[PDB]
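Asks:
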Amino acid sequence: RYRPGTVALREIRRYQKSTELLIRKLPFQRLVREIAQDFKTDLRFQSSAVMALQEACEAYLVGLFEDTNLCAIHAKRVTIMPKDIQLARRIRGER
Amino acid sequence: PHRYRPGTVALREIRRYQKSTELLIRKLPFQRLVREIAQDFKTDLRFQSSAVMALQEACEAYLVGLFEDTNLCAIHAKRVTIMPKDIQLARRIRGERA
Amino acid sequence: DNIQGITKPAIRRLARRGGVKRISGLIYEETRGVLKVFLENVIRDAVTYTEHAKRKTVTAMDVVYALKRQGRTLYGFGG
Amino acid sequence: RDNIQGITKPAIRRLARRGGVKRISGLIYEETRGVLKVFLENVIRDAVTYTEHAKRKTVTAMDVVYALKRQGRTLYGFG
Amino acid sequence: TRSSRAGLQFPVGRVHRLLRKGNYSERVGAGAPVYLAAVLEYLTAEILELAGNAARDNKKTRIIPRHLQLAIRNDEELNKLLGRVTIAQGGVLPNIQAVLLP
Amino acid sequence: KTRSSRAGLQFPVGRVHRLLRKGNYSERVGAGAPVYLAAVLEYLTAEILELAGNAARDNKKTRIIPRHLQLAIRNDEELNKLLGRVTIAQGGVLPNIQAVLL
Amino acid sequence: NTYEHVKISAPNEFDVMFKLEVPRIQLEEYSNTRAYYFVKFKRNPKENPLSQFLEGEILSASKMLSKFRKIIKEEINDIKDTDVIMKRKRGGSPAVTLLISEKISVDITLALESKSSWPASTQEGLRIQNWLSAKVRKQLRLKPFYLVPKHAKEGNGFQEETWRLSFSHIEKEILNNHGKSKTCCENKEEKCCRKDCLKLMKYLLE
Amino acid sequence: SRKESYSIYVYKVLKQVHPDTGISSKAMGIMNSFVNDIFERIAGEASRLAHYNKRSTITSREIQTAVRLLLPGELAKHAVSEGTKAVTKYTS
Amino acid sequence: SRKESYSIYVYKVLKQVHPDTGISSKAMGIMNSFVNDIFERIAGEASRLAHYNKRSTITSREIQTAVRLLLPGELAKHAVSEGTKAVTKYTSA
DNA sequence: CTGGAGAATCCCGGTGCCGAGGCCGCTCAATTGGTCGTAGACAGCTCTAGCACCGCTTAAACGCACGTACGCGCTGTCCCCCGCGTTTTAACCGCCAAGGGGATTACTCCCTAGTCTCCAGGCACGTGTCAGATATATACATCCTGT
DNA sequence: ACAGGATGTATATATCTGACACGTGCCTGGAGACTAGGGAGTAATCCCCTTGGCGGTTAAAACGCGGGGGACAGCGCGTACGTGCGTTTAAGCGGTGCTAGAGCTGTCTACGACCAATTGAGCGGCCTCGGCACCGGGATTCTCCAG
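Here you go:
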């Protein structure tokens with residue numbers, strides 16, 4: 040049994056090297072179609088548009104997770120909290 | 038000696054300076070700083086005074102927004118006292134230091 | 024539903040790409056909310072571009088212009 | 023030199039009280055002074071660029087306004 | 016005039032001249048500056064409405080940029096519109112954090 | 015005798031001149047300006063492709079993929095401060111591990 | 210906060229008015245009646261629950277007074293050792309008659325209070341310029357106005373969602389400052405008969 | 032020379048909304064630069080939008096979609112409603 | 032019907048500076064979007080400069096000013112140097 | 001607290017498969033060459049207006065003792081989250097339609113550009129007086145310490 | 001917990017006073033027509049590609065269990081900063097002066113618009129070969145109980 044965090048840092052070294060999409064394609068695409076179904080009914084999507092929008096959403100969440108982790112380290116913790124996320128979005132100005 | 042608690046005068050200053058709107062930085066040292074940096078860039082630039090006023094408006098509003106985000110960082114870390122690491126955090130999130 | 028389709032270990036994989044060592048159990052629902060808000064905004068502007076072109080097929084380039092006007096510029100799909 | 027020192031300690035304290043700050047560390051002041059110097063270096067670099075483009079010798083308010091326009095930090099009240 | 020003909024307050028002719036001068040496109044449609052002057056009229060009306068209401072709330076009968084600052088920053092949707100924008104002579108919101116209070 | 019060869023450049027002076035004309039940027043386009051702009055674009059393209067090629071050589075590959083573009087832009091501080099607002103698809107991030115976690 | 217003796221000949225009956233802080237309201241005049249307006253909450257991003265209660269775009273006065281009566285009837289039962297009963301709502305008026313246990317007939321009427329600017333038909337009014345001052349006129353113009361319902365009772369109009377303006381607080385404040393000289397009924401050289409003759413006329417009418 | 036300002040038009044809209052309320056010259060400068068900013072943003076996004084469809088004619092539909100893209104939700108809905116009403120009144 | 036990108040031009044620059052380096056099509060699209068982005072930035076900046084000084088003629092001076100604004104320090108310095116050199120070449124020829 | 005034990009990871013090297021490199025043929029767009037007005041370059045002269053300067057003023061910067069209150073260090077506590085298992089879920093990959101809808105050409109004809117001419121709205125210049133800030137006394141709101 | 005002496009902020013009262021609000025004179029850009037063309041609309045069409053479904057296949061999601069390390073509360077206490085008092089500074093302000101350079105007005109001129117011929121560089125299709133993805137075994141990298 041590894042130390043609780045060793046294989047976590049091993050995953051960090053993995054996924055910072057990797058470039059591919061980490062969200063599963065079809066649940067994400069069904070989510071995008073649901074959110075679009077909220078706005079205008081019966082819309083069709085280019086698959087490249089779905090992949091590009093997934094790229095943008097994942098890159099936005101990676102930036103948000105970097106700044107949230109910086110905030111959580113700043114409060115002398117290693118555990119991130121929804122308080123941390125609210126701090127990050129309040130600093131970014133998105134709420 | 039009628040000494041207040043160390044937070045009360047701070048709270049009335051917060052009420053006063055959020056109520057106030059005037060320039061908090063003194064105008065002539067700000068003008069000296071602007072003329073210093075512009076003389077460093079291009080020598081003998083005359084200044085419109087309203088341009089200096091606009092610079093002072095932008096700088097004061099930028100620092101007030103920065104201090105709001107700094108106060109949010111310091112309250113976020115279960116503290117009440119701001120520190121320069123709060124400012125480094127806020128500018129790193131805004132993207133000025135990274 | 025599909026907001027549950029954004030799974031807990033997918034958010035954990037995104038955080039491990041971001042470099043997060045330790046994640047609370049309430050992070051996931053908040054991440055679902057933030058992701059939902061961000062996609063509401065982006066798909067709102069992209070569908071607005073799509074309605075402007077009198078079309079019912081959302082192109083990639085419309086998503087590119089929506090993300091461009093939000094300030095999150097993405098390269099490599101059209102413009 | 024030393025005109026950057028003209029940004030006094032109680033001026034930064036007044037900005038903090040407008041910012042809602044209760045207590046202030048002793049190292050806040052030099053940090054704020056440096057950050058304001060950096061911000062001014064950016065804005066005055068843009069303003070000198072606009073002025074030297076205008077073939078003029080007098081920096082005007084509109085040049086500072088367009089400098090802040092390209093900064094994104096948009097100001098009204100001087101155009 | 017076209018402002019009277021559209022029942023609007025903003026000068027549609029000046030907007031048409033600026034669209035011709037500003038080189039946004041070569042041709043400018045006729046309903047475009049009408050629509051644009053209408054949108055400017057609605058935005059100006061709502062922002063001056065909020066500013067005058069705040070001025071009555073502060074019992075001031077002359078609109079100063081403090082009331083404009085308070086009006087824009089108290090509407091969250093206008094705050095979403097003008098979050099980057101600095102108003103000169105504005106101040107900020109009266110905003111005290113709940114951990115500071117006794 | 016093309017203007018790109020006449021100036022000794024790589025980027026198309028005719029295409030940049032056409033885009034400055036029909037792009038409605040100004041009523042007149044001086045003839046040196048597309049040359050100047052093609053030169054600046056040539057230098058920026060050369061600098062970024064230089065850093066991306068060096069990133070590919072560091073990964074010992076002879077073909078630049080978007081990962082190398084991401085690493086090249088985010089490692090150079092000047093281009094990162096130029097392009098901090100630009101997300102590259104399939105880019106990933108820099109190797110950035112926090113020392114306090116170790 | 211206006215203890216409003218509308219009925220001075222018998223002060224045992226009260227007409228207690230309640231205020232309600234509303235958002236800014238676009239007003240639609242009804243049928244050129246010059247006093248009956250429609251309440252349309254022009255735009256509200258905060259989504260205050262009055263708008264959530266509203267029907268369509270016009271605020272339904274009948275719905276407001278119905279649920280207001282519903283909450284009163286429900287809550288005054290809970291009052292112990294003070295017999296407050298729901299009196300008839302008849303008479304085509306605000307009503308909400310509540311009797312407090314011995315001839316204390318309280319007619320509760322909730323009133324909307326918009327802090328907005330005055331409507332255009334209220335412009336040439338408030339003619340206290342030559343009576344008090346134009347400055348007092350402008351300072352009373354800065355004070356908020358009020359909204360009370362009455363359906364348009366013109367022959368066939370029934371349960372219309374119209375809203376007429378109230379002016380009770382300005383009238384009370386000019387009853388506290390009624391002389392051209394600002395110390396009227398305050399020092400013993402300026403005892404007037406404005407309050408006196410007004411109470412005489414109102415008592416004679418009642 | 033002559034200046035191009037929106038000062039009297041802001042004042043007319045003020046007398047339409049708050050008929051007996053004053054406005055300072057600095058607040059008028061705020062609103063002049065604001066109207067120039069909003070005109071610049073909407074005309075620029077209409078120019079970009081017409082360029083996206085390669086149309087050389089900015090129309091009222093272009094301005095409508097520019098309002099829908101730029102301005103946030105409910106205020107944009109109200110503004111599109113006002114602009115559409117005004118254009119239909121102009122056509123008559 | 033002709034999607035005119037900067038593909039062959041960027042490829043000529045690539046085989047000029049690195050003749051032993053390839054490029055993917057996705058990376059070529061990223062560079063196309065990049066060149067269009069920087070072109071829009073500099074062109075809009077020079078357009079607004081022309082409207083500031085009320086000239087109707089973009090020249091190399093306006094592009095010089097827009098480059099000095101949009102780029103950071105030493106990159107802008109080298110870019111102004113390269114542009115001035117190339118305009119000197121085009122003027123001499 | 002240093003060595004060994006073992007689970008995981010990065011190249012080795014073959015396979016293999018499939019996307020970049022590269023010509024070939026067509027063709028619009030770049031390049032060349034006159035003509036034209038005119039925007040821009042240049043000169044000149046005003047004249048705002050920005051820079052230096054005095055000199056009095058007084059809030060305000062500056063320094064210093066000091067108590068207190070908050071930061072940080074330490075101490076235990078515990079559960080909430082990490083990790084490996086153990087199950088099931090469903091995403092994914094490939095195929096395979098059916099048709100919705102994007103793109104293009106082909107005619108069209110309205111709508112804006114452009115030119116002309118007159119006005120009346122828009123701006124500059126007076127000015128009367130009105131909101132605001134001034135002080136100044138007074139009252140309502142908020143603390144801080146002893147019983 | 002409650003009262004008392006501050007202490008600051010808000011309300012009312014003359015007095016300014018410079019800026020809004022309103023009239024007045026000009027004057028050029030909008031308005032009202034009138035024309036020409038060209039962008040945009042519309043019809044109709046090729047054909048891409050989305051939607052959906054399905055089978056199989058497997059990586060992954062979900063749940064479970066053991067436990068442990070950090071979040072959290074508390075004790076403690078040391079110092080750093082606020083509060084307050086006293087002490088110099090220099091910002092500000094009006095005021096006048098000097099001339100530097102913006103701004104206006106007129107006077108030319110090379111340069112792009114514009115048109116028109118003339119042809120290659122650029123793109124669409126077309127083969128075609130090295131680069132990237134695996135898949136097992138070497139080689140390395142790396143954490144974890146104990147005398």
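Chains A, E, B, F, C, G, K, D and H, in that order, give the protein sequences. Per the deposited numbering, the very first residue in the first sequence carries number 40; after that it's consecutive. Per the deposited numbering, the very first residue in the second sequence carries number 38; after that it's consecutive. Per the deposited numbering, the very first residue in the third sequence carries number 24; after that it's consecutive. Per the deposited numbering, the very first residue in the fourth sequence carries number 23; after that it's consecutive. Per the deposited numbering, the very first residue in the fifth sequence carries number 16; after that it's consecutive. Per the deposited numbering, the very first residue in the sixth sequence carries number 15; after that it's consecutive. When you line the seventh sequence up against the deposited numbering, it's residues 210 to 211, 215 to 418, in that order. Per the deposited numbering, the very first residue in the eighth sequence carries number 32; after that it's consecutive. Per the deposited numbering, the very first residue in the ninth sequence carries number 32; after that it's consecutive. C-beta atoms are modelled at their ideal positions from N, C-alpha and C, and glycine is treated no differently.
Can you have a look at residue 116/G and say buried or exposed, based on whether 16 or more other CB atoms are within 10 angstroms of its CB?
Replies: Classification for residue 116/G: exposed.
Asks: Taking just the CA atoms, how far does residue 63/H sit from residue 34/H?
Replies: Rounded to the nearest angstrom, the two C-alpha atoms are 11 angstroms apart.
Asks: Within this structure, are the beta carbons of residue 92/C and residue 103/D separated by less than 8 angstroms?
Replies: A contact, by the Cβ cut-off of 8 angstroms.
Asks: What does residue 83/D touch in chain C if you count any residue whose Cβ is under 9 angstroms from its own?
Replies: Within 9 angstroms Cβ-Cβ: nothing; residue 83/D doesn't reach chain C, min ~12 angstroms.
Asks: Please confirm if residue 56/B has its CB atom under 8 angstroms from at least one CB of chain H.
Replies: It does not: the Cβ of residue 56/B has no partner Cβ on chain H nearer than 8 angstroms.
Asks: Quick check on residue 65/D - is its C-beta less than 8 angstroms from some C-beta in chain F?
Replies: By this cut-off, residue 65/D is an interface position.
Asks: How about residue 102/C and residue 55/D: are their beta carbons less than 8 angstroms apart?
Replies: For residue 102/C and residue 55/D, no; Cβs fall outside 8 angstroms.
Asks: Under a CB-based cut-off of 8 angstroms, is residue 111/G close to chain B?
Replies: By this cut-off, residue 111/G is an interface position.
Asks: Residue 59/H to residue 75/H, Cα distance in whole Å?
Replies: Spanning the two alpha carbons is a distance of roughly 24 angstroms.
Asks: If you draw a straight line from the C-alpha of residue 101/F to the C-alpha of residue 71/D, how long is it?
Replies: Those two C-alpha atoms are separated by around 13 angstroms.
Asks: Between the Cα of residue 407/K and the Cα atoms of 399/K, 215/K and 386/K, which residue gives the shortest distance?
Replies: Considering only alpha carbons, the answer is 386/K.
Asks: Rounded to the nearest angstrom, what separates residue 61/E and residue 37/F at their Cα positions?
Replies: Rounded to the nearest angstrom, the two C-alpha atoms are 7 angstroms apart.
Asks: How would you list, in chain order, the residues of chain K whose beta-carbon sits under 8 angstroms from the beta-carbon of residue 105/D?
Replies: Those are 255 and 257, listed as they occur along chain K.
Asks: Tell me which residues of the segment 65-84 of chain B have at least one Cβ-Cβ distance to chain D shorter than 9 angstroms, keeping chain order.
Replies: Taking 9 angstroms as the Cβ-Cβ cut-off against chain D, the residues of the segment 65-84 of chain B that qualify are 67, 68, 71, 72, 74, 75, 76 and 84.
Asks: In three-state DSSP terms, what is residue 37/H?
Replies: Reduced to three states, the DSSP call for residue 37/H is coil.
Asks: Any chance the segment 103-119 of chain D sits against the segment 25-40 of chain G, with 3 or more Cβ pairs inside 8 angstroms?
Replies: These segments do not touch.
Asks: For residue 45/B, which three-state DSSP category applies?
Replies: Residue 45/B: strand per DSSP, three-state reduction.
Asks: Are the C-beta of residue 88/D and some C-beta of chain B separated by less than 8 angstroms?
Replies: No, residue 88/D does not count as interfacial toward chain B.
Asks: Could you give the residue range of the alpha helix (DSSP H) that holds residue 24/C?
Replies: Taken as a continuous stretch (DSSP letters only), residue 24/C belongs to no alpha helix (DSSP H), as it is neither H nor E.
Asks: Spatial neighbours of residue 132/A within its chain, please: CB distance less than 6 angstroms, with the 5 preceding and 5 following residues excluded, ordered by chain position.
Replies: The answer is none, since no qualifying residue turns up.
Asks: What first and last residue would you give for the alpha helix (DSSP H) that runs through residue 418/K?
Replies: Element bounds for residue 418/K: n/a, residue is neither H nor E.
Asks: Is residue 217/K buried or exposed, if buried means 16 or more other CB atoms sit within 10 Å of its CB?
Replies: Looking at its Cβ environment, which holds fewer than 16 other Cβ atoms inside 10 Å, residue 217/K is exposed.
Asks: By the criterion of Cβ-Cβ separation under 9 angstroms, what are the contact partners of residue 64/C in chain K?
Replies: Here the neighbours are 236, 254, 328 and 329.
Asks: Could you tell me the distance, in whole angstroms, from the CA atom of residue 118/E to the CA atom of residue 50/F?
Replies: For residue 118/E and residue 50/F, the distance between alpha carbons rounds to 10 angstroms.
Asks: Within the 8 angstroms Cβ cut-off, does residue 214/K reach chain C?
Replies: Missing from the coordinates: residue 214/K, inside the break in chain K from 211 to 215.
Asks: Using a Cβ cut-off of 7 angstroms, which residues of the segment 36-49 of chain B contact any Cβ in chain A, in chain order?
Replies: The residues in question are 36, 37, 38, 39, 40, 41, 42, 43, 44, 45, 46, 47 and 49.
Asks: Could you tell me which residues DSSP pairs with residue 101/G in its beta bridges?
Replies: In DSSP, residue 101/G forms a bridge with 97/B.
Asks: Rounded to a whole number of angstroms, what is the C-alpha to C-alpha distance between residue 47/C and residue 53/C?
Replies: Roughly 10 angstroms between the two C-alpha positions.
Asks: Spatial neighbours of residue 155/H within its chain, please: C-beta separation below 7 angstroms, excluding the five flanking residues on both sides.
Replies: With chain H covering 32 to 124 only, the question about residue 155/H has no answer from this structure.
Asks: May I ask you to list, following chain order, the residues of the segment 82-110 of chain C that have a beta carbon less than 9 angstroms from some beta carbon of chain E?
Replies: From the segment 82-110 of chain C, only 84, 101, 102, 103, 104, 105, 106, 107, 108, 109 and 110 have a Cβ closer than 9 angstroms to chain E.
Asks: On the DSSP letters alone, give me the boundaries of the alpha helix (DSSP H) that residue 122/D sits inside.
Replies: Counting along the chain, the alpha helix (DSSP H) containing residue 122/D begins and ends at 104-122.
Asks: What residues of chain B sit near residue 96/D, judged by a beta carbon separation below 7 angstroms?
Replies: Neighbours of residue 96/D on chain B, chain order: 71 and 75.
Asks: If we count the other Cβ atoms within 10 Å of its Cβ and call it buried at 16 or more, is residue 66/G buried or exposed?
Replies: Looking at its Cβ environment, which holds 16 or more other Cβ atoms inside 10 Å, residue 66/G is buried.
Asks: Going by CA-CA distance only, name the one from 95/C, 98/C and 73/C that's closest to residue 356/K.
Replies: For the residues 95/C, 98/C and 73/C, the minimum Cα distance to residue 356/K belongs to 73/C.
Asks: Note down, in chain order, every chain G residue with its Cβ under 9 angstroms from the Cβ of residue 48/A.
Replies: By Cβ distance, chain G contributes 111, 115 and 116.
Asks: Restricting to Cα atoms, I'd like to know which of 361/K, 403/K and 404/K is closest to residue 275/K.
Replies: Considering only alpha carbons, the answer is 361/K.
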